[PDB]
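See below for the structure under consideration.
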């Protein structure tokens, strides 16, 4: 016999994209914020 | 061998001067060259060998290196017990036993143990000693015909400030790229500017007058106060170097906590 249907989920591509993109924006935001936060003190290292 | 370098920096910047004495002495006594190695990360032939017996000549010559002029005159006031205006080496021995609790004493007071010392000789002593130290610091960096580079002068300023800043270190190594040409810094510019930096507590008066209103420091005000309290002339190239080195936020003009508060705190300790 043959197995049943491989089950999918409720619009997986859309919810994966809709959770990966705003948290990517939150990541780049807090990266800029941390860069400024220790650019204020002398802990940074760009040269 | 950068570890011994930075370890000697950590010793010389913060430790008690007796540990600095026992660290930079070989004989327990120092030569004047031992003293120069203690103070750096011809009066040598006048200082002799009988010097820094119990690390108290160290404290005294440190005081000579670190005393503004009115403070220098009131130090001469607190030397003189009877207040005759003269301090022989005998009165200095009487003060010096209290300090602790001789070649320079024979040299500058009297060879026959007879000191008849005016204010002017004491002033000459300060000027010769500090000017020889400043000339040694100007010539350690090998000036290009009496003209040091911008990073050399910035390193001298950061060595005088004594604060381990890495923001200002990055600004120092950027200075050659900021001022893409550098004509050099003459010894008279260095002389006048460290003469100005010697007296910042006196300079702090009109600065705080200006400052508790507002922290907006331009160069014409600094040159007026420099020519006022020290009669020195700050060339505008030196002002360009100071503004390019210390203005961290880059707003054009300095605050207290950018430059003056740090230099004052160095003058405290």
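Residue numbers (this note's numbering), protein chains in the order written: chain A, 136 to 182; chain B, 20 to 288.
Ideal Cβ placement from N, Cα and C applies to all residues, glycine included.
Exposure of residue 57(B), with buried meaning 16 or more beta-carbon neighbours within 10 Å: For this step, residue 57(B) is matched to residue 38 along the second chain. It counts as buried.
Alpha-carbon to alpha-carbon, residue 134(B) and residue 106(B): As a working note, residue 106(B) is residue 87 in the second chain. As a working note, residue 134(B) is residue 115 in the second chain. Their backbone Cα atoms lie some 6 Å apart in a straight line.
Through-space distance from residue 169(A) to residue 37(B), alpha-carbon basis: The residue labelled residue 37(B) in the question sits at position 18 within the second chain. The residue labelled residue 169(A) in the question sits at position 34 within the first chain. Approximately 43 Å between the Cα atoms of the pair.
Sub-8 Å separation of residue 226(B) and residue 279(B) beta-carbons: Here the question's residue 226(B) lines up with position 207 in the second chain. Here the question's residue 279(B) lines up with position 260 in the second chain. Closer than 8 Å, so yes.
Any 3 or more C-beta pairs closer than 8 Å across the region 68-79 of chain B and the region 38-55 of chain B: yes
Boundaries (first-last residue) of the alpha helix (DSSP H) holding residue 275(B): Within the second chain, residue 275(B) is the residue found at index 256, counting from 1. Counting along the chain, residue 275(B) falls outside any alpha helix (DSSP H), and DSSP gives it neither H nor E.
Against chain A: residues of the region 228-255 of chain B by CB proximity under 9 Å: none
Residues of its chain near residue 167(B), where Cβ-Cβ distance is below 6 Å and the 5 sequence neighbours each way are ignored: By 1-based counting over the second chain, the position of residue 167(B) is 148. 160, 204, listed in sequence order.
Extent of the continuous alpha helix (DSSP H) to which residue 270(B) belongs: Locating residue 270(B) in the second chain gives position 251, where the first residue counts as 1. Element bounds for residue 270(B): n/a, residue is neither H nor E.
Reference residue 121(B), options 138(B), 67(B), 149(B), 80(B), closest by Cα: Counted from its first residue, the second chain places residue 121(B) at position 102. Of the listed residues, the one whose Cα sits closest to residue 121(B) is 67(B).
Contact list for residue 185(B) against chain A, beta-carbon separation under 9 Å: Your numbering for residue 185(B) matches position 166 in the second chain. Within 9 Å Cβ-Cβ: 177, 178, 179, 180.
Residues within the region 188-204 of chain B neighbouring chain A, beta-carbon criterion of under 7 Å: 189
Whole runs of the alpha helix (DSSP H) within the region 60-85 of chain B, excluding any shorter than 4 residues: 63-66, 75-84
Under 8 Å between C-beta atoms of residue 275(B) and residue 234(B): On the second chain, position 256 is the one that residue 275(B) refers to. On the second chain, position 215 is the one that residue 234(B) refers to. Yes; because the gap between Cβ atoms is below 8 Å, this pair is in contact.
Start and end residues, alpha helix (DSSP H) containing residue 87(B): What you label residue 87(B) is simply residue 68 of the second chain in a count that begins at 1. Run containing residue 87(B): none; DSSP gives neither H nor E here.
Residue 77(B) classed as buried or exposed, judged by whether at least 16 other C-beta atoms fall within 10 angstroms: The residue labelled residue 77(B) in the question sits at position 58 within the second chain. By the 10 Å Cβ count, residue 77(B) comes out buried.
Status (buried if at least 16 other CB within 10 Å, exposed otherwise) for residue 22(B): Here the question's residue 22(B) lines up with position 3 in the second chain. Residue 22(B) comes out exposed.
Chain-order list of residues whose beta-carbon lies under 6 Å from that of residue 236(B) (same chain, five-residue window excluded): As a first step, residue 236(B) must be located in the second chain, where it is residue number 217. Contacts found: 272, 273.
Terminal residues of the alpha helix (DSSP H) in which residue 138(B) lies: One-based indexing of the second chain puts residue 138(B) at position 119. Per DSSP, residue 138(B) belongs to the alpha helix (DSSP H) from 138-159.
Beta-carbon spacing of residue 148(B), residue 62(B) below 8 Å: Locating residue 148(B) in the second chain gives position 129, where the first residue counts as 1. Locating residue 62(B) in the second chain gives position 43, where the first residue counts as 1. Yes, they are a contact pair.
Distance, residue 161(A) Cα to residue 151(A) Cα: Indexing the first chain from 1 puts residue 151(A) at position 16. Indexing the first chain from 1 puts residue 161(A) at position 26. Those two C-alpha atoms are separated by around 16 Å.
Contacts around residue 82(B), its chain only, beta-carbon distance under 8 Å, and the 5 residues preceding and following it disregarded: Taking the second chain and counting its residues from 1, one reaches residue 82(B) at position 63. Excluding positions up to five away in sequence, the list reads 94.
Through-space distance from residue 155(B) to residue 199(B), alpha-carbon basis: Stepping through the second chain from its first residue, residue 199(B) is reached at position 180. Stepping through the second chain from its first residue, residue 155(B) is reached at position 136. Each residue's Cα considered, the two are about 27 Å apart.
Presumed contact (8 Å Cβ cut-off) between residue 127(B) and residue 110(B), rounded CB distance: By one-based count along the second chain, residue 127(B) stands at place 108. By one-based count along the second chain, residue 110(B) stands at place 91. 13 Å between Cβ atoms; not a contact.
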